[PDB]
Amino acid sequence: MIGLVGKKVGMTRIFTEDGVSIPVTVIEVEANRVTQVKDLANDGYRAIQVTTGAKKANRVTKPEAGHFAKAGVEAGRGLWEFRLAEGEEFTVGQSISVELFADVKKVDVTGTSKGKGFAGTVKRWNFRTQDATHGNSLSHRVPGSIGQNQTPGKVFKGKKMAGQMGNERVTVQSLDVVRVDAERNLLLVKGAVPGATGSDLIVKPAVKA
Amino acid sequence: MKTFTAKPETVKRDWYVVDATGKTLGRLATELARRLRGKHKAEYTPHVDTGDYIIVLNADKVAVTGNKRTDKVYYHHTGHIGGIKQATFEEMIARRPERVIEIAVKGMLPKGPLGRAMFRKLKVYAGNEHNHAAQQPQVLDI
Amino acid sequence: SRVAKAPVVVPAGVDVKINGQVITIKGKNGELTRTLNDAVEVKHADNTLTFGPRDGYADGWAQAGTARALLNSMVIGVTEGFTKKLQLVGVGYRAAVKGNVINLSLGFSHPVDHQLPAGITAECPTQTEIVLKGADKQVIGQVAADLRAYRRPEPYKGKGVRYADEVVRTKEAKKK
Amino acid sequence: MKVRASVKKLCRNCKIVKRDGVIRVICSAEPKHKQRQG
RNA sequence: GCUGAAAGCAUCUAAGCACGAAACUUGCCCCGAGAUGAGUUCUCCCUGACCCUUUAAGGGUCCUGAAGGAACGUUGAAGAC
RNA sequence: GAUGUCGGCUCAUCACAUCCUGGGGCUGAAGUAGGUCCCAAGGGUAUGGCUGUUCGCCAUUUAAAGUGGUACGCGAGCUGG
RNA sequence: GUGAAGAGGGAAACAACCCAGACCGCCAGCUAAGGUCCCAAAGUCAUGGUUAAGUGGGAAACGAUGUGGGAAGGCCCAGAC
Ligand SMILES: [Mg+2]
Ligand SMILES: [Mg+2]
Ligand SMILES: [Mg+2]
Ligand SMILES: [Mg+2]
Ligand SMILES: [Mg+2]
Ligand SMILES: [Mg+2]
Ligand SMILES: [Mg+2]
Ligand SMILES: [Mg+2]
Ligand SMILES: [Mg+2]
Ligand SMILES: [Mg+2]
Ligand SMILES: [Mg+2]
Ligand SMILES: [Mg+2]
Ligand SMILES: [Mg+2]
Ligand SMILES: [Mg+2]
Ligand SMILES: [Mg+2]
Ligand SMILES: [Mg+2]
Ligand SMILES: [Mg+2]
Ligand SMILES: [Mg+2]
Ligand SMILES: [Zn+2]
């Protein structure tokens with residue numbers, strides 16, 4: 001099945017009668033508009049393109065506007081693609097809503113994780129710190145050794161080092177869909193999902209289940 | 001007088017089609033490297049690609065002798081420690097058939113830019129169809 | 001060698017068709033086909049089939065003795081049947097057929113429900129007896145092997161699925 | 001089976017066989033006699 | 001293990017056929033066309049005068065200056081720059 | 001006309017003669033649990049007391065607390081017993 | 001004997017091994033060791049065979065109806081295996 005694009009509103013809880021507090025991320029799933037149907041002939045794979053939301057007419061560029069105008073849809077904030085599994089058909093101009101998640105039980109959510117900038121080894125890789133005292137000279141959270149001695153004679157690739165952490169695509173899988181609210185354009189997903197409040201989310205049904 | 005050197009502005013390269021069905025990989029690969037290099041030409045100048053363009057069809061049906069279909073192992077390294085990756089001949093034929101003849105021919109060509117340049121004139125295809133009909137390529141039996 | 005040089009005699013009511021190596025035989029039990037190795041000339045020259053090697057193949061006679069045994073099993077297989085029985089041993093072991101499926105109960109937590117091929121048929125005169133029937137000899141040993149594989153006879157008591165041909169050697173447990 | 005450089009018939013019912021370039025001993029009477037060269 | 005000769009038999013193997021593990025290839029996640037083999041798809045913009053001379057993917061003048069981009073500024077749950 | 005030597009810490013990486021997990025044959029394998037060999041290196045593979053210790057003993061764990069190579073890996077990374 | 005005090009060619013690369021001792025020049029030719037399918041100059045040479053293990057292109061005692069060849073020899077139409 002395809003998935004839908006939404007927005008991170010924030011987190012809340014759903015109390016149940018039985019006494020359980022369920023943490024939920026609220027995903028605003030406005031109606032997704034099909035802007036391009038790629039098919040096996042002209043494109044080489046079967047997917048749909050979607051937009052959602054709104055952008056200024058004054059901030060849409062002419063290349064973007066023709067692409068929206070060809071589809072007969074209003075310019076949304078971005079373009080996202082979803083592959084099709086050989087039975088699901090779609091048409092340009094078709095508006096897909098959060099009701100698609102009505103019968104699904106678990107969803108995978110992907111977003112851009114919160115960015116931590118230049119992160120040290122301790123934070124980025126769970127590197128254990130060295131002794132705070134007991135002689136330590138300027139080497140409290142430094143990474144220690146980064147290799148061997150005159151046999152590789154180099155640092156191997158993929159060595160866990162300090163650098164950019166977060167601000168990257170992250171998918172969290174198999175998240176229970178707590179509630180689908182079609183009239184208010186909301187998906188409720190049990191638990192945290194990646195990224196900051198106000199950030200673009202892609203929600204698909206769970207591959208594994 | 002000084003001996004002739006080909007000039008790559010005036011060098012003429014002809015287009016040839018080859019079928020790879022049933023043909024020994026190594027025996028076939030050698031003739032392509034010969035022709036890709038320009039050794040078959042009297043105007044052979046080894047710092048000049050005097051060679052010819054060749055299309056190879058039916059790379060998926062190149063033949064090998066012995067138990068090499070199952071036991072010839074293509075090794076490559078990724079550049080990541082432990083990243084020694086394997087693929088037999090039949091797994092390659094299954095996944096990227098055009099690579100089996102391209103790897104053999106690249107090994108037989110010179111190493112360096114001109115060798116890298118000679119290799120560009122080889123166009124390998126897994127099937128019996130190519131899209132270079134405009135180049136008017138001649139049949140060539142190896 | 002002796003196997004190849006004895007000709008394959010076909011009895012009445014078996015139409016045979018030599019398209020080179022690919023060779024099929026038709027009978028009351030049904031069509032059976034084979035695609036012999038390149039080193040085997042097979043000929044109609046009688047109401048028989050003859051087997052001998054094709055010059056240019058070192059194996060040669062080895063393939064012709066193979067080919068002979070195969071067609072013989074095929075010729076027998078299309079006219080008369082091949083039948084392998086399998087006896088179940090076990091207090092709580094039993095088998096039943098549902099049509100192209102044998103539902104085995106062999107002391108497992110799950111049920112064993114084995115699916116048959118195109119031309120094999122299984123009956124059960126007893127809870128603990130499976131009886132296959134088929135034109136092919138290779139498929140019916142392959143099926144009887146698979147059924148035997150779920151509960152292959154264990155030595156001590158002889159509990160499991162056994163061919164009724166099978167004689168099982170029983171040992172006694174480590175003393176004390 | 002027992003795996004050794006030297007594989008031998010240990011009884012009359014033993015039998016040598018080569019199966020994938022591997023000398024093996026099968027016995028119909030004694031599974032103790034099963035051997036693989038290696 | 002099945003069928004099965006070589007080797008009348010036997011034989012899991014030579015031909016042929018099937019089972020078979022956290023290893024292998026996939027499947028899951030992420031990067032990814034500098035993949036110079038630089039790929040595809042959709043959309044957008046530009047539809048004028050001429051001089052010159054070794055007349056060749058040539059150079060220069062006038063007019064034109066688009067789509068879009070960058071800069072600048074307000075800035076950010078993006079960020080060492 | 002200098003290649004810093006024990007152990008610890010930090011970070012590790014390979015090999016497989018595999019400690020656990022996985023698959024299997026023989027068993028003097030009833031079962032449970034073992035013994036032995038074959039395949040398998042994907043992942044995983046203690047905290048403490050005593051000692052500078054490596055090791056080892058002891059206490060208590062764990063599915064297991066593997067064996068080795070990497071200048072007895074790692075002092076222009078730390079410690080300096 | 002070579003290197004040391006010896007270049008050149010070959011042995012992938014490799015003072016000391018194999019070939020061979022550089023007065024200079026030549027866009028001439030014959031050979032040495034070693035080689036002649038492509039990288040890479042020259043046989044995809046000819047005749048007869050061997051190998052099926054990529055043996056060739058690393059490794060012993062020992063093991064084995066692998067396969068080729070040879071010398072004989074026992075049993076065998078009073079019927080053998
Ligand atoms: Mg940030
Ligand atoms: Mg400090
Ligand atoms: Mg190096
Ligand atoms: Mg070179
Ligand atoms: Mg091992
Ligand atoms: Mg895996
Ligand atoms: Mg201790
Ligand atoms: Mg180690
Ligand atoms: Mg050390
Ligand atoms: Mg150091
Ligand atoms: Mg001290
Ligand atoms: Mg001296
Ligand atoms: Mg040299
Ligand atoms: Mg000469
Ligand atoms: Mg010679
Ligand atoms: Mg040459
Ligand atoms: Mg020849
Ligand atoms: Mg070798
Ligand atoms: Zn025995």
Side-chain angles (χ1 to χ4, degrees), chain A residues 36 38 42-44 49 61-67 70 114-115 117-118 127-131 134-139 142-152 156 159-160 167-171 173 195-199 207-208, chain B residues 2-3 26-27 29-30 33-34 37 66-68 71 81-82 86-87 91 95 107-111 115 120, chain C residues 1-4 6 35-37 39 59 61-70 73 137-139 141-142 144-146 149 156-157 173-175, chain D residues 1-8 15-21 23 26 31-32 34 36-38:
Chain A
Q36 201 174 10
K38 295 174 182 177
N42 172 70
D43 296 278
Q49 205 198 61
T61 67
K62 286 193 184 281
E64 298 171 291
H67 181 80
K70 168 149 164 50
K114 290 158 145 291
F118 207 121
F127 271 25
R128 306 190 235 118
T129 64
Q130 284 165 247
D131 300 298
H134 283 304
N136 191 292
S137 291
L138 313 182
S139 281
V142 313
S145 177
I146 68 181
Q148 301 95 29
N149 192 349
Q150 171 160 316
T151 163
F156 293 141
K159 178 69 189 80
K160 287 174 181 176
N167 189 31
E168 73 172 16
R169 167 202 204 79
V170 175
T171 286
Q173 297 186 42
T197 293
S199 80
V207 179
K208 301 181 162 141
Chain B
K2 296 201 161 200
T3 190
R27 298 181 190 277
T30 308
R34 185 170 164 265
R37 201 188 184 169
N67 290 280
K68 269 186 277 184
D71 292 7
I81 8 69
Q86 262 186 48
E91 291 159 356
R95 190 265 315 282
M108 292 196 209
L109 290 168
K111 309 307 193 291
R120 277 159 202 145
Chain C
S1 292
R2 329 239 228 279
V3 186
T35 309
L36 278 301
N37 207 341
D59 296 329
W61 284 110
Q63 306 295 354
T66 307
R68 205 271 168 181
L70 297 199
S73 81
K137 216 193 165 176
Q138 184 257 328
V139 176
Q142 194 68 93
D146 290 328
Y156 298 100
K157 288 165 79 66
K174 185 176 173 188
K175 194 65 174 167
Chain D
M1 59 195 80
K2 54 180 76 72
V3 182
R4 37 237 222 151
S6 172
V7 309
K8 283 157 158 151
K15 276 189 181 153
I16 307 301
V17 74
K18 181 179 283 184
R19 284 203 162 149
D20 196 336
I23 312 290
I26 72 190
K32 271 164 162 158
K34 210 150 65 149
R36 167 179 72 148
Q37 207 157 54

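Computed from heavy atoms alone, side chains included, the values below leave out hydrogens, waters and symmetry copies. Protein chains get the first letters and strands the later ones, always in sequence-line order, with residue 1 at the start of each.
- Across the P atoms, G:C19 and G:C26 are found 30 Å apart, a figure rounded to whole Å.
- The side-chain hydrogen bond (donor to acceptor under 3.5 Å, both in side chains) test applied to A:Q36 returns A:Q49, not counting sequence neighbours.
- D:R4 comes within 4.0 angstrom of no nucleic acid atom, judged by non-hydrogen atoms across all strands.
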What does nucleotides 12-22 of chain F look like as a protein-contact string, B for base, S for sugar-phosphate only, - for none, at under 4.0 angstrom between heavy atoms? BSS--------
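- Taking atom CG of residue C:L70 and atom P of nucleotide E:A14, one finds them 17 Å apart after rounding to whole Å.
- Side chain of A:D131 to main chain of A:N136: no donor-acceptor pair is present (N/O by atom type, distance under 3.5 Å, no hydrogens or angles).
- Note on C:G65: only backbone sugar-phosphate atoms sit closer than 4.0 angstrom, heavy atoms only; bases stay farther off.
- In this structure E:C17 is paired with E:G1, meeting the Watson-Crick or G-U wobble definition at both distances under 3.5 Å.
- Pucker check on F:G77: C1'-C2'-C3'-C4' positive, sugar north.
- G:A20 sits 14 Å from G:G1 when the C1' atoms are compared, rounded to a whole Å.
- The side-chain hydrogen bond (donor to acceptor under 3.5 Å, both in side chains) test applied to C:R68 returns no partner, not counting sequence neighbours.
- Side-chain to base pairing of B:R27 with G:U44: one donor and one acceptor N or O lie within less than 3.5 Å of each other.
- With its glycosidic angle within 90° of 0, E:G8 is assigned syn.
- In this structure, A:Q150 and A:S139 both approach RNA chain F, and ranking their closest nucleotides by distance from the 5' end singles out A:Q150.
- Here F:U51 does not sit opposite F:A30 as a base pair, Watson-Crick or G-U wobble, with both distances under 3.5 Å.
- For the pair B:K111 (side chain) and B:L109 (backbone), a donor-acceptor distance under 3.5 Å is present.
- Side-chain atoms of A:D131 lie closest to F:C9 of the nucleotides E:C17, E:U13, F:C9.
- Nucleotides G:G74 and G:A53, compared at atom P, are 38 Å apart to the nearest Å.
- Rounding to the nearest 0.5 Å places CZ of B:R37 at 13.5 Å from CE of B:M108.
- A canonical Watson-Crick or G-U wobble pair links F:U47 to F:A59, with each of its two hydrogen-bond distances shorter than 3.5 Å.
- Atom CG in B:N67 sits roughly 9 Å away from atom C1' in G:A53 (whole-Å rounding).
- D:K15 comes within 4.0 angstrom of the backbone, heavy atoms only, and of no base.
- When all heavy atoms are compared, the tightest approach of A:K159 to A:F127 is NZ-CZ, 3.9 Å.
- Base orientation at G:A46 is anti, since its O4'-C1' glycosidic dihedral falls outside 90° of 0.
- In this structure, B:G66 reaches neither bases nor backbone, as no heavy-atom distance under 4.0 Å exists between it and the strands shown.
- For G:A40, the OP1/OP2 oxygens have a side-chain nitrogen or oxygen of B:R37 closer than 4.0 Å.
- Here the straight-line distance linking atom OG1 of C:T66 with atom CG of C:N37 works out to 9.0 Å at 0.5 Å rounding.
- If you take CZ of B:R34 and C1' of G:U44, they are 11 Å apart, rounded to a whole angstrom.
- The bases of F:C50 and F:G34 do not line up as a Watson-Crick or G-U pair with both contact lengths under 3.5 Å.
- Listed candidates were E:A14, G:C81, G:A41. Nearest to the side chain of C:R2 is G:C81.
- Of the candidate nucleotides E:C2, G:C39, E:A78, E:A78 has the atom lying nearest to any side-chain atom of A:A196.
- In this structure, the CD atom of A:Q130 is 12 Å from the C1' atom of F:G75, given to the nearest Å.
- Pairing between F:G31 and F:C26: absent (Watson-Crick or G-U wobble, both distances under 3.5 Å).
- Nucleotides G:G66 and G:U2 are not base-paired: the Watson-Crick or wobble atom pairs do not both lie closer than 3.5 Å.
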Go along nucleotides 28-46 of chain E 5' to 3' and tag each nucleotide: B for a protein heavy atom under 4.0 Å from its base, S when only backbone or sugar atoms are that close, - otherwise. SSSS-----B--SSBBS--
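- Closest approach to the A:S145 side chain among G:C39, F:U10, E:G4 is made by F:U10 (side chain taken as heavy atoms from C-beta onward).
- For the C1' atoms, the distance linking F:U54 with F:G7 amounts to 6 Å, nearest Å.
- Listed nucleotides: E:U3, F:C9, F:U10. Nearest to the side chain of C:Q138: E:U3.
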Polar atoms only, N or O, under 3.5 Å: list the protein pairs with nucleotides 28-39 of chain F and their distances.
| from | atom 1 | to | atom 2 | distance (Å) |
| --- | --- | --- | --- | --- |
| F:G28 | OP1 | C:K171 | NZ | 2.6 |
| F:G28 | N7 | D:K32 | NZ | 3.4 |
| F:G28 | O6 | D:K32 | NZ | 3.1 |
| F:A29 | OP2 | C:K174 | NZ | 3.1 |
| F:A29 | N9 | C:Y156 | OH | 3.3 |
| F:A29 | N7 | C:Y156 | OH | 3.4 |
| F:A29 | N7 | C:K171 | NZ | 3.4 |
| F:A30 | OP2 | C:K174 | N | 3.1 |
| F:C38 | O3' | D:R36 | NH2 | 3.0 |
| F:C38 | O2' | D:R36 | NH2 | 2.7 |

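- Straight-line distance from the CE atom of B:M108 to the P atom of G:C39: 10 Å, rounded to whole Å.
- Counting non-hydrogen atoms under 4.0 angstrom, C:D146 reaches nothing in the nucleic acid.
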Could you list, one pair per line, each protein nitrogen or oxygen that sits under 3.5 Å from a nitrogen or oxygen of nucleotides 61-68 of chain G, together with the distance?
| from | atom 1 | to | atom 2 | distance (Å) |
| --- | --- | --- | --- | --- |
| G:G63 | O3' | D:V7 | O | 3.4 |
| G:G63 | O2' | D:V7 | N | 3.2 |
| G:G63 | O2' | D:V7 | O | 2.8 |
| G:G63 | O2' | D:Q37 | NE2 | 3.2 |
| G:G63 | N2 | D:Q37 | OE1 | 3.2 |
| G:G63 | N3 | D:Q37 | NE2 | 3.3 |
| G:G66 | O4' | D:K18 | NZ | 3.3 |

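- Base engagement by B:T3 is indicated by at least one non-hydrogen atom pair under 4.0 Å involving a base atom.
- Here E:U26 does not sit opposite E:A67 as a base pair, Watson-Crick or G-U wobble, with both distances under 3.5 Å.
- The nucleotide whose nearest atom lies closest to any side-chain atom of B:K111 is, among F:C78, G:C39, F:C26, G:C39.
- Taking the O4'-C1'-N9-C4 or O4'-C1'-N1-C2 dihedral as appropriate, F:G25 has a value more than 90° from 0 and is therefore anti.
- A distance of 8.5 Å separates CD of D:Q37 from NZ of D:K18, quoted to the nearest 0.5 Å.
- The D:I26 side chain lies nearest to E:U11 when the options are E:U11, F:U10, G:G54.
- For the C1' atoms, the distance linking E:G69 with E:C46 amounts to 16 Å, nearest Å.
- Remark: the B:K68 side chain and the G:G54 base include a donor-acceptor N/O pair separated by less than 3.5 Å.
- By the rule that a glycosidic angle within 90° of 0 means syn, E:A15 does not qualify and counts as anti.
- Atom-to-atom distance recorded for A:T197:OG1 and A:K114:NZ is 7.0 Å, nearest 0.5 angstrom.
- In this structure, A:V142 and A:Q130 have side chains that are in contact, with non-hydrogen atoms separated by less than 4.5 Å.
- On the basis of its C1'-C2'-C3'-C4' angle being positive, F:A30 carries a north sugar.
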